[PDB]
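Presented below, as structure tokens, is a lone chain in the form deposited in one PDB entry.
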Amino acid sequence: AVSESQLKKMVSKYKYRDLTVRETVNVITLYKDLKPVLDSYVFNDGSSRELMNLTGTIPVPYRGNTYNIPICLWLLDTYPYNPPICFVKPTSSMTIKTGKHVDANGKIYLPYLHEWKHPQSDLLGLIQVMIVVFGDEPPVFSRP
């Protein structure tokens, strides 16, 4: 958590903040799992900006079981890619056996993403598809 005053203060730099908050509010509102985060990073070789990421865990049942597959998201102010990037975050105990879209970088190489032409696509769906893809095949895996 980071209150609404501090949360905004963190995304106060963002240009599409109002748009970001909206997406988030929904993301969370829809799923009370993805928590808002804020992480800064340099640029080029000196510059630095503030970018917020969405880290959480979604319940992925399998064979009547229950799994916890985490996911991290990246946001931007406007550029380069207006739309945020989706990617799975690997753990230390578990492993990442990639997936149909889950690349080696845990990035979602979905065909709907690359060709995401909002409002056609959205975060809700971006997460939905996963719930399915993952709900069918765990891209995490950890059975050596």
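One rule holds for the numbers: they count along the sequence shown, beginning at 1.
One more form of this protein should be noted, the form deposited with a partner chain bound, which is absent from this view; the next part is about it.
**Request:** Within 4.5 Å of its partner chain in the deposited complex, counting heavy atoms only, one of 88-96, 75-83, 113-121, 22-30 shows up; tell me which.
**Result:** This holds for exactly one stretch, 88-96.
**Request:** Classify residue 142 as contacting or not contacting its partner chain in the deposited complex by the rule of any non-hydrogen atom within 4.5 angstroms, answering yes or no.
**Result:** Because a heavy atom of residue 142 falls inside 4.5 Å of its partner chain in the deposited complex, the answer is yes.
**Message:** So in the deposited complex, is its partner chain close enough to residue 67 to count as touching (4.5 Å, heavy atoms)?
**Reply:** Yes, residue 67 sits close enough to its partner chain in the deposited complex that at least one of its heavy atoms falls within 4.5 Å.
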